[PDB]
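Visitor: I have a structure here, written as structure tokens, and I will follow up with some questions on it.
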Amino acid sequence: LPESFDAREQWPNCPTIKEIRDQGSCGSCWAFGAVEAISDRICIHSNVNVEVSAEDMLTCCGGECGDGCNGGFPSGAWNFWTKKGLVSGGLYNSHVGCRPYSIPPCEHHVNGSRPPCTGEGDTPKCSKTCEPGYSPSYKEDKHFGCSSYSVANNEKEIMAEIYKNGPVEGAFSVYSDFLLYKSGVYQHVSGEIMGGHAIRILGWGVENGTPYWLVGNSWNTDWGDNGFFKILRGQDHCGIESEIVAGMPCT
Ligand SMILES: *[C@]1(C(=O)N[C@H](C(=O)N2CCC[C@H]2C(=O)OC)[C@@H](C)CC)O[C@@H]1C(=O)NCCC
């Protein structure tokens, strides 16, 4: 395996890999890490480009994935993709796809022009219909996964999975010092625990002798490094290597 790897550069024909979304004032990271990676993989293994609906995942999976805006289970999300499939749907107010995200973007621990985020956000309804004007129907717009699996807590295996099949979803413990991340390789040194956070791992590298994972967060582009961040790799730091999940699209 190479010393560094950036899925954005390796798969130029898949622009979703470079995208950063905004989960808004809702604990839907579990859903975002999943639909983002799934969007990437649909493109990688179908060379079609689809903005997979975070809304569909968040609202219609149900108990199998956890508790909507109150948190969820990454592996459960990929299961939903293989069982019920996912329709398309872009950013809030984009009118792109069957079910665009319904929760407004906000400022995640940074100052900006958008309203500040509020942890208080209710899970939107599961509506099996597409926005007006969109075709085909909800049922016909479903994209299915044909496998859902969990990658072992093994650096090399995780790198191999990304190298061959594309970005994966992962999760780690977020402490307050992570909230102010701006650059460099993140390593937890202080701060109260905020909770578990699901994200998208799209590569790896070494910065100043420090091995890291290239990760895309779902807190918009003005947080961190243009929406992305790097975290220590190889020591299951904050559990970053302990909950890796992925899957392959049908056909
Ligand atoms: C993962 C999750 O969404 N985490 C939270 C979060 O990202 N936000 C909620 C409101 C807007 C976000 C923010 O800006 O937080 C600062 C927080 C708690 C993480 C830092 O609860 C979700 C998950 O599904 N839980 C289980 C772990 C996989």
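Just remember, in the structure tokens the first chain shown is A, the second B, etc., residues are 1-based per chain, and ligands are 1-based in the order shown.
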Find the residues near ligand 1. Use a cut-off of 6 Å, count only C-alpha atoms and all ligand atoms, and write them as a PyMOL selection string.
Guide: chain A and resi 24-30+71-73+108+117+119+171+174+194-198
Visitor: Generate a file of the selected residues that holds C-alpha atoms, formatted as a tab-separated table (two decimals), in the first residue's frame.
Guide:
chain	number	residue	atom	x	y	z
A	24	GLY	CA	-27.68	20.76	10.58
A	25	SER	CA	-29.07	20.86	14.12
A	26	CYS	CA	-29.64	17.11	14.25
A	27	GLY	CA	-27.56	14.18	15.54
A	28	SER	CA	-27.60	12.51	12.14
A	29	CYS	CA	-23.87	11.94	11.64
A	30	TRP	CA	-24.54	8.18	11.48
A	71	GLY	CA	-28.05	9.22	17.13
A	72	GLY	CA	-27.78	5.94	15.28
A	73	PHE	CA	-25.84	2.86	14.20
A	108	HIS	CA	-20.94	24.31	13.93
A	117	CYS	CA	-26.43	25.23	15.35
A	119	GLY	CA	-28.38	20.52	19.41
A	171	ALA	CA	-16.84	6.65	14.19
A	174	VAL	CA	-15.46	13.41	20.29
A	194	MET	CA	-19.19	15.12	23.71
A	195	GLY	CA	-20.33	11.75	22.41
A	196	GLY	CA	-19.72	9.38	19.52
A	197	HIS	CA	-19.44	10.86	16.03
A	198	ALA	CA	-19.78	9.06	12.68
Visitor: List every residue of segment 143-204 of chain A that has an atom at most 7 Å from any atom of segment 5-8 of chain A, and for each one report the closest atom pair and its distance in Å to one decimal, counting only C-alpha atoms, with rows sorted by chain and then by increasing residue number, as JSON lines.
Guide:
{"residue": "A:166", "atom": "CA", "partner": "A:7", "partner_atom": "CA", "distance": 6.7}
{"residue": "A:167", "atom": "CA", "partner": "A:7", "partner_atom": "CA", "distance": 7.0}
{"residue": "A:202", "atom": "CA", "partner": "A:7", "partner_atom": "CA", "distance": 5.5}
{"residue": "A:203", "atom": "CA", "partner": "A:6", "partner_atom": "CA", "distance": 4.7}
{"residue": "A:204", "atom": "CA", "partner": "A:5", "partner_atom": "CA", "distance": 5.3}
Visitor: Let me see the file: selected residues, N, CA, C and O atoms, as a PDB file, in the first residue's frame.
Guide:
ATOM      1  N   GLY A 166     -13.106   2.233  -2.088  1.00  0.00           N
ATOM      2  CA  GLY A 166     -13.553   3.595  -1.854  1.00  0.00           C
ATOM      3  C   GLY A 166     -13.727   3.980  -0.397  1.00  0.00           C
ATOM      4  O   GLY A 166     -13.500   3.168   0.499  1.00  0.00           O
ATOM      5  N   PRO A 167     -14.135   5.230  -0.133  1.00  0.00           N
ATOM      6  CA  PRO A 167     -14.336   5.728   1.231  1.00  0.00           C
ATOM      7  C   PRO A 167     -15.259   4.840   2.058  1.00  0.00           C
ATOM      8  O   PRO A 167     -16.157   4.184   1.527  1.00  0.00           O
ATOM      9  N   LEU A 202     -11.773   8.933   3.829  1.00  0.00           N
ATOM     10  CA  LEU A 202     -11.490   8.835   2.401  1.00  0.00           C
ATOM     11  C   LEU A 202     -10.020   8.720   2.018  1.00  0.00           C
ATOM     12  O   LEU A 202      -9.675   8.839   0.842  1.00  0.00           O
ATOM     13  N   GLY A 203      -9.151   8.490   2.993  1.00  0.00           N
ATOM     14  CA  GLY A 203      -7.744   8.374   2.659  1.00  0.00           C
ATOM     15  C   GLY A 203      -6.825   8.424   3.854  1.00  0.00           C
ATOM     16  O   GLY A 203      -7.273   8.347   4.997  1.00  0.00           O
ATOM     17  N   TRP A 204      -5.531   8.557   3.587  1.00  0.00           N
ATOM     18  CA  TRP A 204      -4.541   8.602   4.652  1.00  0.00           C
ATOM     19  C   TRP A 204      -3.253   9.244   4.157  1.00  0.00           C
ATOM     20  O   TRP A 204      -3.079   9.481   2.961  1.00  0.00           O
TER      21      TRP A 204
END
Visitor: Pick the closest to residue 139 of chain A from A:4, A:13, A:127, A:39: which is it, counting only C-alpha atoms?
Guide: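 Selected residue with least distance to residue 139 of chain A: A:127.
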Visitor: Would you compute the distance between atom CA of residue 100 of chain A and atom CA of residue 66 of chain A? Give it in Å to one decimal.
Guide: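 Separation of atom CA of residue 100 of chain A and atom CA of residue 66 of chain A: 21.2 Å.
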Visitor: Provide the atom CA of residue 168 of chain A to atom CA of residue 64 of chain A distance in Å, to one decimal place.
Guide: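 Spanning atom CA of residue 168 of chain A to atom CA of residue 64 of chain A is a straight-line distance of 19.7 Å.
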Visitor: Nearest residue to residue 19 of chain A out of A:1, A:86, A:215, A:193, using only C-alpha atoms?
Guide: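 Smallest distance to residue 19 of chain A is found for A:215.
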Visitor: For residue 52 of chain A, please output as a list in words all residues within 6 Å (counting only C-alpha atoms; exclusion window: fewer than 6 positions along the same chain).
Guide: residues 35, 39, 88 and 89 of chain A
Visitor: Show me, as a ChimeraX atom specification, the residues that have an atom within 6 Å of residue 169 of chain A when counting only C-alpha atoms, minus same-chain residues fewer than 3 positions from it.
Guide: /A:33-34,199-200,244-245
Visitor: Residues of the last selection are to be written out with C-alpha atoms, as a PDB file, in the first residue's frame.
Guide:
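Printed below is selection-v9.pdb as written:
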ATOM      1  CA  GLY A  33     -21.225   9.284   7.029  1.00  0.00           C
ATOM      2  CA  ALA A  34     -23.169   6.478   5.371  1.00  0.00           C
ATOM      3  CA  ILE A 199     -17.734  10.331   9.744  1.00  0.00           C
ATOM      4  CA  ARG A 200     -16.347   9.457   6.306  1.00  0.00           C
ATOM      5  CA  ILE A 244     -15.437   0.865  10.332  1.00  0.00           C
ATOM      6  CA  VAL A 245     -18.327  -0.143   8.065  1.00  0.00           C
TER       7      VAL A 245
END
